[PDB]
Amino acid sequence: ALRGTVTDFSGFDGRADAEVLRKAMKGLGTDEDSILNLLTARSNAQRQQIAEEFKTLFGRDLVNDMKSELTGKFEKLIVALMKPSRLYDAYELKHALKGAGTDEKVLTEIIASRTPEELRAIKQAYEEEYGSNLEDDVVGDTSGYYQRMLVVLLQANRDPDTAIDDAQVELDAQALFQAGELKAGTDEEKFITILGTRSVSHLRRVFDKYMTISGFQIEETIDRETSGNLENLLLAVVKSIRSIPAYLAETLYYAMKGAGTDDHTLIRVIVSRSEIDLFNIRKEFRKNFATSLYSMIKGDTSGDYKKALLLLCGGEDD
Ligand SMILES: [Ca+2]
Ligand SMILES: [Ca+2]
Ligand SMILES: [Ca+2]
Ligand SMILES: [Ca+2]
Ligand SMILES: [Ca+2]
């Protein structure tokens, strides 16, 4: 159903490509153009084979060489495209946690939009790489109900998608109604359990039924009922339950919409989704924000950075 914008290259010859990359870096200067035109046109799997060939041909590390030749945002963008798919989210997560500061925005974004299937892989990939337990790192860097919601999510235990049980839809909407609007204060525990564990098809029916019953969209109650990270988290979850692409098209938009740009978010969403559903993200960006993602990246970015990005995203009309 989903569609990314980067696919496997047809006449792939990892050895030929590595040679092109060597030339682009050998001697004085760099042919950034040759680099970017090549790398944004191979799938992540192919980029791993190229790095492999490069090492057996020249005994040099493709990524470490690039880190020496490139600079600024282009570098960061090229370094991210080189990260093996199975490892990127883990890498972004580890980096949001580590340090004297945590980027809850990153924690929220990845954990809420990734499916249980993806969360399990991410958890494995994370432990094998940093020799730490993701849950334990999140738990230690966060607190309150925000932390709880994240753990519930990390269990990747969401119920499966069965035929919808109306009595059950009714029950859950009423429960949410009683846990928030009809209450002085909030029963966050009830929101966490219903939002974090019920199936996706079930919750979509509950969101609607809840509108019917209360006159509010669950999003408005959340905003009325909560604050801080828990609010952002719950909104992210609700948004992703409705449509992950749509939720991501929106975090992309707010990354640029502001004055300058949140390049880390721009890089992270475009790269991480390039081979999953970036095409869908593009479509949702047009519908809801009037302009294609292309036109928007095009005006906020520049340099080879802008060229690579536009080449990865593509679609001038979306
Ligand atoms: Ca050089
Ligand atoms: Ca550098
Ligand atoms: Ca209340
Ligand atoms: Ca609020
Ligand atoms: Ca801007």
Side-chain angles (χ1 to χ4, degrees), residues 16-40 47 50-51 53-55 57-83 88 91-92 95 144-146 148-149 171-196 206-207 209-235 237-238 261 263-264 266-268 271 301-309:
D17 289 342
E19 287 164 7
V20 171
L21 293 176
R22 237 274 102 160
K23 314 323 253 284
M25 295 184 270
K26 196 277 157 207
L28 258 320
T30 321
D31 185 13
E32 297 88 352
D33 250 74
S34 196
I35 296 172
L36 80 90
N37 279 311
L38 206 155
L39 296 187
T40 67
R47 302 184 197 122
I50 291 167
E53 290 302 13
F54 192 87
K55 214 193 278 313
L57 273 190
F58 323 104
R60 317 181 69 118
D61 187 79
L62 178 49
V63 176
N64 278 86
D65 267 353
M66 246 148 22
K67 276 125 86 114
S68 337
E69 304 278 315
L70 317 193
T71 188
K73 289 156 217 3
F74 183 56
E75 196 220 71
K76 284 155 156 186
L77 173 72
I78 283 299
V79 161
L81 249 0
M82 277 328 284
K83 292 258 41 159
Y88 196 50
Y91 169 91
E92 278 302 303
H95 274 71
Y145 277 99
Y146 171 51
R148 251 88 120 176
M149 191 39 176
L171 239 206
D172 285 338
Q174 193 48 233
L176 290 184
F177 193 34
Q178 297 165 29
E181 299 292 354
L182 299 188
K183 222 206 185 265
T186 326
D187 188 347
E188 301 94 338
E189 172 160 303
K190 258 289 221 230
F191 272 84
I192 292 177
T193 300
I194 286 164
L195 262 7
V206 166
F207 290 169
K209 175 74 84 193
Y210 177 83
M211 155 68 216
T212 269
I213 283 164
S214 76
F216 297 107
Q217 277 298 176
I218 186 68
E219 282 94 342
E220 319 188 41
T221 291
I222 291 189
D223 178 55
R224 281 148 69 75
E225 296 293 319
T226 68
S227 69
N229 293 319
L230 178 65
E231 187 196 340
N232 289 326
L233 212 195
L234 291 166
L235 282 176
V237 170
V238 169
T261 338
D263 294 297
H264 186 190
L266 191 37
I267 289 165
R268 178 178 57 254
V271 168
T301 75
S302 72
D304 312 306
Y305 177 37
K306 156 189 161 161
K307 291 240 283 317
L309 241 17

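Just so you know, ligand 1 is whichever comes first in the structure, and atom 1 is the first atom listed for that ligand. Just the heavy atoms: all of them, side chains too, but no hydrogens, waters or symmetry mates, feed the values below. Throughout, numbering of the chain's residues begins at 1 and tracks the sequence.
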(request) Report yes if some heavy atom in the side chain of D65 is under 4.5 Å from a heavy atom in the side chain of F54; otherwise report no. (result) yes

Give the table of side-chain donor-acceptor pairs shorter than 3.5 Å for residues 211-221, with sequence neighbours excluded, one pair per line with atom names and distance.
unit_1 : atom_1 : unit_2 : atom_2 : d
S214   : OG     : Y210   : O      : 2.8
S214   : OG     : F216   : N      : 3.1
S214   : OG     : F216   : O      : 3.4
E219   : OE1    : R242   : NH2    : 2.8
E219   : OE2    : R242   : NE     : 2.6
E219   : OE2    : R242   : NH2    : 3.3
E220   : OE2    : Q217   : N      : 3.3
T221   : OG1    : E181   : OE2    : 2.9
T221   : OG1    : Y210   : OH     : 2.6

(message) Between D33 and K307, does any side-chain N to carboxylate O distance fall below 4.0 Å?
(response) yes

(request) Check whether any N, O or S atom of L70 sits under 3.0 Å from the Ca ion (ligand 2). (result) yes

(request) Just the protein N/O/S atoms under 3.0 Å from the Ca ion (ligand 1), please, no waters. (result) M25 O, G27 O, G29 O, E69 OE1, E69 OE2

(message) Using every non-hydrogen atom in the two residues, find where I267 and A80 come nearest and quote the distance to one decimal.
(response) CG2-CB, 4.0 Å

(request) Can you see which heavy atom on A18 is nearest to which on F58, and at what distance? (result) O-CE1, 4.0 Å

(message) Let's test this: below 3.0 Å, count the protein N/O/S atoms around the Ca ion (ligand 3).
(response) 5

(message) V206 and side chain to side chain contact (heavy atoms under 4.5 Å, CB included): which single residue from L171, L195, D172 fits?
(response) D172

Could you state the interatomic distance from [atom1] ([X]) to [atom2] ([Y]), rounded to the nearest 0.5 Å?
X	Y	atom1	atom2	result
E75	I35	CD	CD1	11.0 Å
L230	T186	CG	OG1	9.0 Å
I222	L234	CD1	CG	5.0 Å

(message) For the Ca ion (ligand 2), give me the closest N/O/S atom belonging to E75, just the atom name.
(response) OE2

(request) Using the test ring pair (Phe, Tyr, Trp, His ring centres under 6.0 Å), find all partners of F74 that sit at least two apart in sequence or belong to another chain. (result) none

